[PDB]
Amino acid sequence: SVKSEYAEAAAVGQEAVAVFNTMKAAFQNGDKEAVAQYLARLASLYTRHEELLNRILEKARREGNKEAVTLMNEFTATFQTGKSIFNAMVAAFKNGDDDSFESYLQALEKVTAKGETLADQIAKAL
């Protein structure tokens, strides 16, 4: 069901949360080789999550589930914000700009923390 596919996508999301927090520790500790690998892993988790979210939205649309479509449109818009911040963080790491990497890291945390009540609303809506 779309609801079980949402639980799967949510789990991939939570894996990224786990990897992100680990990477943050590695950044603070100055273990740049670890950070590089965690950024690669996160890129792959965000790309997967983004694809699953699109399949859930398309399915809600085909099902005529107007409320779920509304919430998923809002949630996926916010996802793209996160993706843009992530991609800026990755570029800051490439460029050796630790000040920007810090800034983007904190912003990505607040953007994700903000979009949690909505994530929980979508679970119930599908």
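Note that residue numbering follows the sequence shown and begins at 1. We call the rigid core the largest set of C-alpha positions that still match within 1.5 Å between the two forms.
- Of the two segments 115-123 and 4-12, the one whose CA positions lie farther from the displayed form in 8 other deposited structures of this protein, once all are superposed on the rigid core, is 115-123.
- The stretch 96-104 shows the higher mean C-alpha B-factor when 96-104 is compared against 33-41 in the entry.
- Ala26: CA B factor lies in the highest third for its chain, per the PDB record.
- When the modelled residues of the chain are ordered by C-alpha B-factor, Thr47 sits in the highest third.
- Remark: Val111 belongs to the highest third of its chain, ranked by C-alpha B-factor as recorded.
- For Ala11, the recorded CA B-factor ranks within the middle third of the chain. Only modelled residues enter the ranking.
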